[PDB]
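One chain comes next, on its own, written as structure tokens: the form deposited in one PDB entry.
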């Protein structure tokens, strides 16, 4: 059974007024502010919000949070049930910590009593509620508008909101296609491919980029062009695919080419689908993020063919391998070593079902290609270039009492195990606030995923088995392991860690 729904993001094109001023957002902020700052005793009292119209009305009357015009049950049940589950998520953290600690006590003290040693005194189990009655780790406010069935995405029509400048396609007509005869464009027009790079044009299944894409005009050292933004923006808007969400009076318009690319690169839909089918591949409950301008869609349970399993290991590993050999009688295991010169070392195998046990059939070994290593080396140079900058910036801003000590640390004795916390926390804060650090932390994940996909592809060629298994053992080692472990969660392939 399919039980994983990956995301897909689209861009907002037009708004009635900023997303933060919507009554849905204001009521969400009010409810979140009231529930979080109320003691444990009164949570039970104000915890009868109910899943009905009468219950919601009484909850708002007994409390004092401004209903702000918003009075829709579908949406208030999401604003409330989320807010109380977050409140019962700071209690649950301390509860699980104290449960692990009490289980440690139940083991150790009972073992000591069996050895004649009396149990030690019980610890002061931590409380999530501070001095008077309030949560110490107060949950923050979540800026997000969680859509529902009544406000689900619909294709645009001229008799929806006439103020929209750009046109809207027919919801029933088949969707357009990008320029298919790219070699038929005359010279001097957009999209012209000059007559010297025509031979070495890729014959693969590349994704097609239109000439006005930001990737073809971004400022990079080799690009001697102009990044005039207005022309590209209007050229893009002239060919958007508008879908629209209306909540009461306000409305927001999305460009749906993101969903098109999402269904195109995964292969769930071929060219020639309508907009109704395109929205069918996604849920009618998107999530809006007012800070960026994104709208995140998730696929329906059934669109993708991933089971989203867990990395089973140990005793269950042999049972899993026996079950898979009971399936298609050709399974290719791949074994990953890491920590040996290049980041990835792999070892192919094939396993059969010889009655009860397995019969491994070695197939060889593979080393990462050279271009991938070059990309990784360039990434390492970039990361070590930003690190020596952000760490220096963190050191500079230190208080003079700590600044002098840290300066001495660079000078030439190792001491002050009390400013280490200071430099650690401020380096963490700068890392969280450094956008270049965010990009160079996303590049690590992208490159690790490139490596993992390479190994997974080449373990289907050497073994010629559609079904595969992955073995890993418990720098790039951490990110590589994290990327490899995600395969069970993301793509369904087992990860038999041993």
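Positions refer to the first chain, counted from 1. Rigid core here is just the name for the largest C-alpha set that superposes within 1.5 Å across the two forms.
Q.
For at least a third of the other PDB entries compared, is residue 119 missing from the model even though its neighbours are present?
A. Yes, left without coordinates in at least a third.
- Message: Neighbours in the displayed sequence, residue 412 and residue 413 may still hide a gap; how many deposited residues lack coordinates there, none, 1 to 3, 4 to 9, or 10 or more?
- Response: Gap size class: 10 or more residues without coordinates, per the record.
Query raised in the report: Which fits the stretch between residue 474 and residue 475: none, 1 to 3, 4 to 9, or 10 or more deposited residues lacking coordinates?
Result: Missing residues, residue 474 to residue 475: 10 or more.
One more form of this protein should be noted, the form deposited in another entry, which is absent from this view; the next part is about it.
- Query: Superposing on the rigid core, which residue among 287, 358, 422, 185 shifts its Cα by at least 2 Å between this form and the one not shown?
  - Reply: Among the listed residues, the outlier is 422.
Residue 329 C-alpha relocation of at least 2 Å between this form and the one not shown, rigid core basis: Where the cores coincide, residue 329 shows only a C-alpha shift between this form and the one not shown that is less than 2 Å.
Task: residue 162: Cα shift of 2 Å or greater between this form and the one not shown (core-aligned) - done: Superposed on the core, residue 162 moves its C-alpha 2 Å or more between this form and the one not shown.
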